[PDB]
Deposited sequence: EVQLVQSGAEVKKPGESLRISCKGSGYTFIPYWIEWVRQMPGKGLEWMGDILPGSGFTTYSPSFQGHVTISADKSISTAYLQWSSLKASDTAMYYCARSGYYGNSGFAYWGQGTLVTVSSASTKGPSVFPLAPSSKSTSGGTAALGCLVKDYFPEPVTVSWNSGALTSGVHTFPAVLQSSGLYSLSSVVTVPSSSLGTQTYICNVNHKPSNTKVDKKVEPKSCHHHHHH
């Protein structure tokens, strides 16, 4: 089947150049347009531009013209999007898409997306703090504070506890470091009998934390 594979997540300082890639397979690469679409955190879709790999012909959105270059290498079925120097406001999800078979038939196939983070912040591992319950059902959690960059993976009891678990989207703090919370609702009777351990993994800094959450 038709597959669009994009390159991995990118973490960059402001003013740095970046090139991200989109590899197409399961179809003939040259006669189909490759589209680039920006999606900012919690926002809509913005068409950036396109390329016909058979010729290298490109169209740009008036908003994106001059800020980005779109190119293709048709011998390896790959298209590209690149910046000369990144702004902090270039922090977004970037999708590549392929056009449909018939004329003006939309973007039929999409890649998984490339998250691009443009920040002044340095690589920092998270501090993990317990959210202890006090005096039906009780809630307990883990505060995963001050990390860069995204993402962290949080699980409870080596992944076994999924029911009643709410892991929240991270917020970007004014310091430029991310923070999230993961909570679980449990029976209040099982508070003195059961062990609850949140497992926090942050790959970019090689941080592994297992913290026990007890009533204090």
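- According to the record, the deposited residues with no C-alpha atom in the structure span 136 to 140, 222 to 229.
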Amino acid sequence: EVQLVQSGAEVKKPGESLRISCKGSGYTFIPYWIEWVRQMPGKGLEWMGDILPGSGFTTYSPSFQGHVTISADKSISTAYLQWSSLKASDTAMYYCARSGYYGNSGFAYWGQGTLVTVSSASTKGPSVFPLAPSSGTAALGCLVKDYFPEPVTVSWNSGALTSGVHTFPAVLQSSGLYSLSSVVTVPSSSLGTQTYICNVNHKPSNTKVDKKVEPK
From here on, numbers count along this sequence of modelled residues.
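- In this crystal structure, the stretch out of 105 to 113 and 125 to 133 whose C-alpha atoms carry the higher mean B factor is 125 to 133.
- Comparing the deposited coordinates for 33 to 41 and 182 to 190, the stretch with the larger average C-alpha B-factor is 182 to 190.
- Highest CA B-factor among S77, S120, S71, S99, as stated in the entry: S120.
- Highest CA B-factor among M48, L172, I51, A160, as stated in the entry: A160.
- Among the modelled residues of the chain, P151 sits in the highest third by CA temperature factor in this PDB entry.
- Split the chain's modelled residues into thirds by C-alpha temperature factor. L86 is in the middle one.
- Residue-level temperature factors show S17 in the middle third of its chain, judged at the C-alpha atom.
- Residue-level temperature factors show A138 in the highest third of its chain, judged at the C-alpha atom.
- Per the deposited record, the Cα B-factor of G26 falls in the lowest third when ranked against the other modelled residues of its chain.
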